[PDB]
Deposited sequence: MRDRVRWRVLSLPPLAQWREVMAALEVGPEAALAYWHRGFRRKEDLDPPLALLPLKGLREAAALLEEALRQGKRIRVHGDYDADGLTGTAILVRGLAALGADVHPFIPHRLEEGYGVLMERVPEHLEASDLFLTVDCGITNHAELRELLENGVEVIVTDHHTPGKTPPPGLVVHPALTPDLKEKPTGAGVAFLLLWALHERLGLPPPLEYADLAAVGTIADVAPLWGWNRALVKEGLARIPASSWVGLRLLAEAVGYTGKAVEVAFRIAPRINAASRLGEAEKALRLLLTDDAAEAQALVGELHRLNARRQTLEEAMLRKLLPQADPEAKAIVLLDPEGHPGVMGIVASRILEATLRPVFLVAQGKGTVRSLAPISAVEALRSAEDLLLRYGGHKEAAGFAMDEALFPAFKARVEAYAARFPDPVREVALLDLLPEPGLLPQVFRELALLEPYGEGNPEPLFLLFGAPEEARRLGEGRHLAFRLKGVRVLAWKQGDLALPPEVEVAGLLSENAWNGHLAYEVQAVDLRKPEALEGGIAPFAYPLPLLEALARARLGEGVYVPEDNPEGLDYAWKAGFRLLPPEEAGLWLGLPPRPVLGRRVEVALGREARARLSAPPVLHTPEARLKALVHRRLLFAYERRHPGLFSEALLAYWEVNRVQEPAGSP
């Protein structure tokens, strides 16, 4: 919840690589650091090429589609009911229909009989990887089958043509159902000698974001293309839904405003509505359908809020596993209620309603593995490490509870990490830093928005209402935050926050939105320590007592006070106490380091003459000062190595 949150400072890269990214991407050291951690090291990683990924089975499926089209075979597109499944079938349904195909959708074994009666070619989107037995249409009545999906497969690929990323050896890419739908239509356009179907990238991007797929490589390229096309979409329904939610080109708006609206239709039993919104060219009908989705989303929200309100206060504590029963709960909203409970609790969550079950888990507790430990009690079940689902007779709930509660007790408590890119730059460099981080977008599963660490005594603190909302300043920068129940900041605070560009009344303000705030505590990070920060007062005392000490040539003023006081001056490689920094590395040491307060070495504190790699130096300096002051042997030692190098 709060005592199991670990803050860590990301490691510094080798200076030669840091400088290469800076030069190659034309950015300062802060953004360069972020790029490096995300794997962006060439100008080609920021704008990857949107190309036809060579998935296994893709050429064949496209060949089969050409045959279906030319011979006028009846194509049925069977997609999933969430955003990815719906955008994926809309892509294939619109795509194939534009080429003169006789095609129609079918939205979700007892169905196979009519699946047979209605089609010559059966296309599953975002599903069908594990539906073996239904090889019936392949067998029972000669129906051609194409499976496109990306979900966790089975022990063996199902009958029929199967196109799946995970079945493509080597391939690092992780396209989703809509991504695969999109690649397939593209493969077909290639066979027909037609241009890439880029007008379908917006639908594809919506599905990819909705499925929380990693946003790097091809997925990153697909999303930049689709996000950009939404405003003037070829699909009036998508455009109108984007406008209804005030879309401004952000992947985050799709993830939190557009897709949930599409998903609500499904969860509430009206998935046809969302699909039709994506297939219509009639603006009037689309407008009405957006209204309808807004109504379904409001209903889903109302039900989710009521359920959360009934559940969260229950069996939560420090239980190891939260397992609750709500007999009459709506199964269409419980997945999200379990996610929200998991977050306010850092515990796997298991919910059961109307005989249906959903699991959201984290840390070392595999969701599906907990269910496997109680499998005898279940009618159906399955999922992965983070989410899972099942069906079970509610009479068995108490037995199910103990089973999972004990499964979870086998593991150490889940712990949440907060990753910090670096210390926040000085107020004057925030605009440039913000503009350079800009290029990282779109943010998502692939690349999270970076967080900066602020530290100090809060000043000018002032509340906003009677709630936790409040604002203050740290060394000149305004930070906005929701004080976790308490209000009133301690004397000194540590903040993990997002660099924001806040527009108001035609003007901009560069501030920080705190994601976490807390009393200064141990920070994870740094290298195997060799230099240990010691306050100058303590160091001078020991020096006066006769400890073998080192004072660098620089600030002969300090070297004078030393000589002209009889210190047992020594060279850095043999003195276990240093009062300043040596010019070149001195490892295989294990020494205690002091800078000062009125000391000259403490001049990692003076402002530069920006722009070049002068900013690389200033970041290193600010790092040393911070690690020195926090008495953090690991970050100090790491900063000291970077310090030697940016001076060679």
Pop the missing stretches of the deposited sequence into a list, counting residues from 1 and keeping sequence order.
109 to 118, 659 to 666
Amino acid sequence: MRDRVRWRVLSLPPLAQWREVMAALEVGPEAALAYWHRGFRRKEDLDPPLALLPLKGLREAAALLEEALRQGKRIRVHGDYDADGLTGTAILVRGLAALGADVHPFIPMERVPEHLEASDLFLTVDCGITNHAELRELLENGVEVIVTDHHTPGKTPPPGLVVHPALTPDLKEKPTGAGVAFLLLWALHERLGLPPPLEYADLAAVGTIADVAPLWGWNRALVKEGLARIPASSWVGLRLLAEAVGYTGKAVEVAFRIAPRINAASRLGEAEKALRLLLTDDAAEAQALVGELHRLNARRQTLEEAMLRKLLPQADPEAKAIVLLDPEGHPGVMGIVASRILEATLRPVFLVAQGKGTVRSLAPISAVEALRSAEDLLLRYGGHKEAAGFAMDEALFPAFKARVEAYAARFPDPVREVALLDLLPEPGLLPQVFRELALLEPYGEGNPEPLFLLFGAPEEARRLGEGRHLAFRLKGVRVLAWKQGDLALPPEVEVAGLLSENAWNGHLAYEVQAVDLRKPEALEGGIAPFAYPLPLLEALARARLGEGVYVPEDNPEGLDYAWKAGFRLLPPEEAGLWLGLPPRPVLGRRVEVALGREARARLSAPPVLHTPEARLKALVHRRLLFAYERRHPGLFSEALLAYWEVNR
From here on, numbers count along this sequence of modelled residues.
Would 50 to 58 or 33 to 41 have the larger average of its C-alpha temperature factors, as given in the entry?
33 to 41
When the C-alpha temperature factors are averaged for each of 449 to 457 and 252 to 260, which stretch ends up with the higher value in the entry?
449 to 457
Per the entry, which of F434, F122, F472, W578 tops the list for Cα B factor?
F472
Sorting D393, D282, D211, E137 by Cα temperature factor from the record, which one lands on top?
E137
Relative C-alpha B-factor of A388, binned into the chain's lowest, middle or highest third:
middle
Is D560 in the lowest, middle or highest third of its chain when residues are ranked by C-alpha B-factor?
highest
When the deposited Cα B-factors of this chain's modelled residues are ordered and cut into thirds, is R597 in the lowest, the middle or the highest one?
highest
Consider only the C-alpha atoms of the modelled residues in this chain, order them by B-factor as the entry records it, and name the third containing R584: lowest, middle or highest.
highest
Ordered by C-alpha B-factor within the chain, which third holds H610? Give me lowest, middle or highest, please.
highest
